[PDB]
Amino acid sequence: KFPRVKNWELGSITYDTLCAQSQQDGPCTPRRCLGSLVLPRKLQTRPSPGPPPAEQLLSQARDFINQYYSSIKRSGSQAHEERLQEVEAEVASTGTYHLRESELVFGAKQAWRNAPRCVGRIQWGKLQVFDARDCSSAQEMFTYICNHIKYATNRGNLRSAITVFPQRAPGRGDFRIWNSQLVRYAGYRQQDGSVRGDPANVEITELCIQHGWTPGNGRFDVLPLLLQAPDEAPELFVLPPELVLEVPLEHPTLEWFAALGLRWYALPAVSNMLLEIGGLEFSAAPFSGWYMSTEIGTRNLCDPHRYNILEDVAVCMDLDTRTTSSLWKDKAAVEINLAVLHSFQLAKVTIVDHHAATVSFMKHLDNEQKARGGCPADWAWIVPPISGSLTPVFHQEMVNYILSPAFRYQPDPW
Amino acid sequence: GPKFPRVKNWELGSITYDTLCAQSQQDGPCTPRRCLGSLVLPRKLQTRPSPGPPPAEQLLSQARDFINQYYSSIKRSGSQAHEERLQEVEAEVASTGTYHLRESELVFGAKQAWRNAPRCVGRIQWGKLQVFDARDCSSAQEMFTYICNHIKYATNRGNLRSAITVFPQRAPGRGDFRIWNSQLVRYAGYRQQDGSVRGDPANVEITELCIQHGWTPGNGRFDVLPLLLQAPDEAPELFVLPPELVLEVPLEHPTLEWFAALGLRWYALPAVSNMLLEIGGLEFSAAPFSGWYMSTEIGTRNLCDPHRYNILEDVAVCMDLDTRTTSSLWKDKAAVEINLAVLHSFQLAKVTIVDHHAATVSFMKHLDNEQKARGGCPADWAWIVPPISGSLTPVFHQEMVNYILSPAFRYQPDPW
Ligand code: HEM
Ligand code: HEM
Ligand SMILES: C[C@H](O)[C@H](O)[C@H]1CNc2nc(N)[nH]c(=O)c2N1
Ligand SMILES: C[C@H](O)[C@H](O)[C@H]1CNc2nc(N)[nH]c(=O)c2N1
Ligand SMILES: [Zn+2]
C-alpha cells in the first residue's frame, strides 16, 4: 500500500504515505518503468480553447482552497467556508475562478515544494512572489521580467523569485515566454552544421533572428526575449546588459584556464514551464533561484551536445586523450567544476556545489518526512551528473509521484 | 504514433520504440500513481521460498513459454520437434510435478537470463558465456570442487572469461542447494569493540556466520572469507579457498608514489553467488556467475562508499587537499585518482578490467543491436549510469525502459 523507503548508507527506513495524495498519473505501469524518460505526453498540458469540465475544476479548486486554509491553521473557519462558496459561485457562472494574492503566494511555494526534480527544495519556504496577473501586453511582461531579474540578481546575492502572468483562459491565446530561460546564449548554425555558441539554443536563436533580431557571432551572445501576449505575434525585447550579470571563468591554480574565455550567467531562471494551482494554469510564470555548480560546470559546458569543452581543457592540461582508461575526461570535468565554483565565489555570486546541495536535500527529505509523510523525488535528476555515489542522495531510495500545486511541462508556443 | 514507449537519446536526438516490453510477463514495482524505479529491492521479483510444489498450471505456462523461446532461438518454431518437446514437458510435469531441461536449453536460458538482466552494463558480451552444467552435484564437497573449477577457468590467470556454474534446481519439498556467501570472493568484516569495522563492512554478517560455523577468523583488512556451501536438507559446510586460486591485485597509482604504501588491493574475479536463476519456471537457487570488473565497481563503490572501505578522506589527506570544505571537491579529486589506480594496477597485473567509459560505450552498441534483434532492451538507468562522471558517459543521455523478462536472475532470501 505504502512504499518502504531505505537509505543504504545508513540503514534507516521510512514509509511514504504522502504518495497516497497523488491524484495525477505518471508514465509508469506495473509492466514497465519509464522513470528515466524526460518528457511525457499524457502529463503534458493540452490546449485551452474550451472551458475545463466544471466538475473537474471545482474539485481541484476545493482541494487547493482546503490546502490553503490548513496552511494558516484556519481550516473549517468562517473564511474557509465563505471562500469555497465564492469559488463555487464563480466557477458555476463563469466556468472558472480567480485566486487571491495570498493563495497565489501559497500555491507558488507549494509547486516548488512538490517539484520532484528540484534538489534545492530546502529553500522552498523563502520565495519572493511577484503578482503580474495585471499584465495586458508583451511590453508589460518585459517590464515585470526586468524587475524580477533586478531583484533576483541583487548584485550577486541571488534571491529566489517567481513572476506570475495571467492564467490561461478558454478560447484565448496564452501569455508565453518563448525562451526556455530568461538568459540564453545564442546558438548559430555555421559552416558544416557545426554550432557556434550554445547548441541547445539553436532553434530559439533562429526564431529571434526571424523576428528582426540582429545576430552576433560569439560563443556567449545573450539572446533577446520573445514575449507573447494572447493571440499576438511574439515581440522582441533586448535585455539591458547591466541587468544580465555574468561571471568570467578562471581556475584557482591553472593560469591558462582564464584564456579559454569561458563565462556563464549568474541567474538560472526557467521560463517555459507551466504553473498549475487549484486547476488554474499559468502558462508564463518564470522562476529563479541560484545555480548548483554542476549545472554549468558539468552539463552546460561539458555535455557533448552543449559547449562540449572537455577535450580542450584536457589538451590544455596535457592529458592523454588517446584512451578512455587515462580518465582524461573525468579529470578535466573536475577542474571545470572547480573553476566554476572558484570564479563564482570570486565574483561574489551565489552558487552551491553538489556536495553541499545534496546534503541540504537530505535534511529536506527528513523535514518533509515529519511534515508530510514523504517527499516526491526523481532519483535520476537529484543525483549530480558527476561524482554520483560520492553524494548522500545516491544511496537514498526515492518515491516519485505527482502532487499539485505543480510545475509541469507544456508545448512550445510555435 | 506507435503504441509503445517512445525512447529518446538526448545527445543524438534519435528516437526508438520499445516493443519488447510487450513480452514482459511479470509486473514490476511501479504504478501510474508512483514510480519506485530507484528502490534496490522493492517486493517484486523477490523469489521468496515457496516450499510446497508450485501450481502445475502456473509452471506449465512458464515452461511452454520458455520452450517456445528456445525453439524460436534455433528457428524451429512450430516444428514437430517443438511440439513433441512441448508434449514431453507437459507429460513430465503431469506425472512428477516438475520437469527437466535438455543441455542446450540450459545454455540458452543461462545466456538469455544474462541478456535480460536490467542492471548489467556488460551485456554486449551476453553471447559469450561458458556454461558449466553441475546439475549432477550431490554434496557440499562436490559443490566446492565445481566452484574451484569455475574460479580456475574464469580467472584464467588474468585473462578472465565469463562463466556460470548451474547446480541442481529446486525440487518438490526438498532442501535447496545454496551458497551462503553473496560472492565467491568476499573480504571479512570484523566488528570492533568500539563498534567500528575492520575490513569490508558489507560482509560483517557472513563473517560472523562463518565464525559461528567453525572458521578461525583473522584480523586483516583483506582476509578472504571461506565459503558456506549448503546441499539439500543439510547444514552448511565450511570450505577454505586455496590461496593460489584467488587472484588479487595490489593497488598502486601511476604517478602518486605513496598510493602503494596504502596497502590497498582487490580480487580479480567478480562472482555473484546468491542470486536465483529462473528458466521456464524451474529455479536454480545456486548458480554462481562471473564476468570481469568495471573499474568503478572497485574504485568508486567498494573503496569509496561511506559504508564500505570509505578511503576517500585518507586519500585526500595524502593528496593534501582541503577536506574541510565541500567546494574544494576533494572527494571528487580523490575519487578520480583512486579509480585511476584501479585501472592502472589491473592493467599492470595483466588482469582483465574495463573502465566506465569503454563499458558504457559498448552498452550503447549493445542497445543498438538489441533494438534490431528484439525491438528493445530492458535497462535500469540508476544502475547502468556509472557512480562517477555520470553525464560524461553516453548512457546518461539515453532514456531507458525497465521491465522483467524471463529467463532471469532474481534476488532470493538469505538461507539463514
Ligand atoms: C534556491 C536555489 C535553487 C537551486 C540551487 C535549485 C537547483 C535545481 C537543480 C540542480 C535543478 C535541475 C536543473 C537541470 O538539470 O536542468 C532544478 C530543477 C528544478 N527546480 Fe530548483 N533549484 C532552486 C530554486 C528553485 C525555485 C525558486 C523553483 C521554483 C519556484 C525551483 C523549481 C524547480 C523545478 C520545477 C525544477 C525542474 C525544472 C525542469 O524540469 O527543467 N527551483 N533546481
Ligand atoms: C563480462 C563482464 C561483465 C561486466 C563488465 C559486467 C558489469 C556489471 C556491473 C557494473 C554490474 C553492477 C555491479 C554492482 O553495482 O553491484 C553488473 C550487474 C549484473 N550483471 Fe554484469 N557484467 C559482466 C558479466 C556478467 C555475467 C557473465 C553475468 C551473468 C551470466 C552478469 C549478470 C549480471 C546481473 C544479474 C547483474 C545484477 C546483479 C545485482 O543485482 O547485484 N554480468 N554487471
Ligand atoms: C535520459 C535521462 O533521463 C536524462 O539524461 C536526465 C537524467 N538526469 C538529469 N538530471 C538533471 N538534474 N537534469 C537533467 O537534465 C537530467 N537529464
Ligand atoms: C538507492 C539507489 O537505488 C542505489 O544506491 C543504487 C543506485 N545505482 C546503483 N548502480 C549500480 N551499478 N550498483 C548499485 O549498487 C547501485 N545502487
Ligand atoms: Zn517507474
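Under a point spin-label approximation (7 Å from Cα along Cα-to-Cβ), what is the A:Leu243-A:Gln56 distance to one decimal in nm?
3.6 nm
Is it possible to state the helix-based mean residue ellipticity at 222 nm for the protein assembly as shown, with each DSSP H run of 4+ residues giving -39500 (n - 2.57), the sum divided by total residues, to the nearest 500 deg cm²/dmol? What is it?
-9500 deg cm²/dmol
Could you calculate the FRET efficiency of A:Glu311 with B:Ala261 from 1/(1 + (r/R0)^6), where r is the beta carbon distance between them and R0 is 30 Å, rounded to 0.05?
Once rounded, the FRET efficiency stands at 0.30.
Once you place label points 7 Å from the Cα toward the Cβ at B:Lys365 and B:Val204, how far apart are they in nm?
Roughly 4.3 nm, to one decimal.
Which whole-number percent gives the relative contact order of chain B, counting Cα pairs below 8 Å spaced six or more residues apart?
On the way: 752 pairs, mean separation 98.1, N = 416.
Here the relative contact order equals 24 percent.
Quick one: angle between helix B:330-348 and the longest Cα principal axis of chain B, in degrees between 0 and 90, rounded to 10, please.
Roughly 70 degrees between the two axes.
Under 30 Å Cα-Cα from A:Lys73, which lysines qualify once same-chain neighbours fewer than 8 residues away are excluded?
A:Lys1, A:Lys109, A:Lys126, A:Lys363, A:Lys370
Rounded if a/c is under 1.5, else prolate if a/b beats b/c, else oblate: with a ≥ b ≥ c from the C-alpha gyration tensor eigenvalues square-rooted, which is chain A?
Working: a/c = 1.96, a/b = 1.31, b/c = 1.50.
It comes out oblate by the Cα gyration axes.
Taking 35 Å as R0, compute the FRET efficiency from the Cβ-Cβ separation of B:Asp65 and A:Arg117 and round it to 0.05.
Efficiency computed from Cβ-Cβ geometry: 0.35.
With only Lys, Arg, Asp and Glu charged, each at its Cβ (+1 for the first two, -1 for the last two), find how big the charge dipole of chain A is about the Cα centre; round to the nearest 20 debye. Before the final figure, lay out each step's value.
Numbers: 40 positive and 44 negative charges, 202 e Å.
Magnitude of the dipole: close to 960 debye.
Return the sequence-ordered ³J(HN,Hα) values of the stretch B:38-50 in whole Hz as given by the Karplus equation 6.51 cos²θ - 1.76 cosθ + 1.60 applied to θ = phi - 60°, using x for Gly and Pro.
8, 7, 5, 9, x, 5, 10, 3, 2, 5, 5, x, 10
Run through the DSSP bridge list for chain A and note the antiparallel percent, rounded to the nearest 5.
Bridges in chain A are about 85 percent antiparallel.
For an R0 of 25 angstrom, estimate the FRET efficiency from the Cβ-Cβ distance between A:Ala20 and B:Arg48 and round to the nearest 0.05.
My answer for the efficiency is 0.45.
Could you calculate the contour length gain from A:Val38 to A:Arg155, that is, 0.36 nm times the residue separation minus the distance between their Cα atoms, to one decimal place in nm?
That works out to 38.7 nm of additional length.
Compute the long axis of helix A:78-94 from its Cα atoms, compare it with the longest principal axis of the Cα atoms of chain A, and write down the angle in degrees, 0 to 90, nearest 10.
90 degrees
Once you've got the GNM for chain A with C-alpha springs shorter than 10 Å, pick whichever of A:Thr143, A:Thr298, A:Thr96 has the biggest mean-square fluctuation.
Evaluated over chain A, the most mobile residue of the options is A:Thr143.
Taking springs between alpha-carbon atoms closer than 10 angstrom, which of B:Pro288, B:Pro386, B:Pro394 fluctuates most in the Gaussian network model of chain B?
Looking only at B:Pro288, B:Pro386, B:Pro394, the biggest GNM fluctuation is shown by B:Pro394.
For chain A, find the longest principal axis of its Cα atoms and tell me its angle to the long axis of helix A:138-153, 0 to 90°, nearest 10.
60 degrees
Can you sort A:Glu235, A:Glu82 by how many other beta carbons sit within 10 Å, fewest first?
Exposure proxy ranking, most exposed first: A:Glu82, A:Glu235.
If you take the square roots of the eigenvalues of the alpha-carbon gyration tensor of the stretch B:241-400 and sort them as a ≥ b ≥ c, do you get rounded (a/c under 1.5), prolate (a/b over b/c) or oblate?
On the way: a/c = 2.12, a/b = 1.40, b/c = 1.51.
In terms of gyration-tensor shape, oblate.
Counting other beta carbons within 10 Å of each residue's own, what order do A:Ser271, B:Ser61 fall into, fewest first?
If I rank by nearby Cβ atoms, fewest first, I get B:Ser61, A:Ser271.
Shape of the stretch A:15-71 from its Cα gyration tensor (a ≥ b ≥ c, root eigenvalues): rounded if a/c is under 1.5, otherwise prolate when a/b > b/c, or oblate?
Taking the square roots of the gyration eigenvalues as a ≥ b ≥ c, the stretch A:15-71 is oblate.
Provide a whole-number value for the mean count of partner chain Cβ atoms within 10 Å of the Cβ atoms in peptide B:19-30. Mind showing how you got there, number by number?
Values: counts 0, 1, 5, 2, 1, 3, 1, 2, 4, 6, 4, 11.
Partner Cβ neighbours, averaged per residue: 3.
Choose one answer from A:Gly212, A:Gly107, A:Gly289: the residue with the largest mean-square fluctuation in a GNM of chain A with alpha-carbon springs under 10 Å.
Highest fluctuation among the options: A:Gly212.
Under 12 Å from the Cβ of B:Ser73, count the other residues' Cβ atoms, weight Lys and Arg +1, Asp and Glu -1, and hand me the total.
Value of the local net charge: +4.
Ideal geometry is used to build each Cβ from the backbone, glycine not excepted, and the neighbour counts take in all protein chains shown. Values quoted throughout were computed directly from the atomic coordinates according to the rules given, and no laboratory measurement underlies them.
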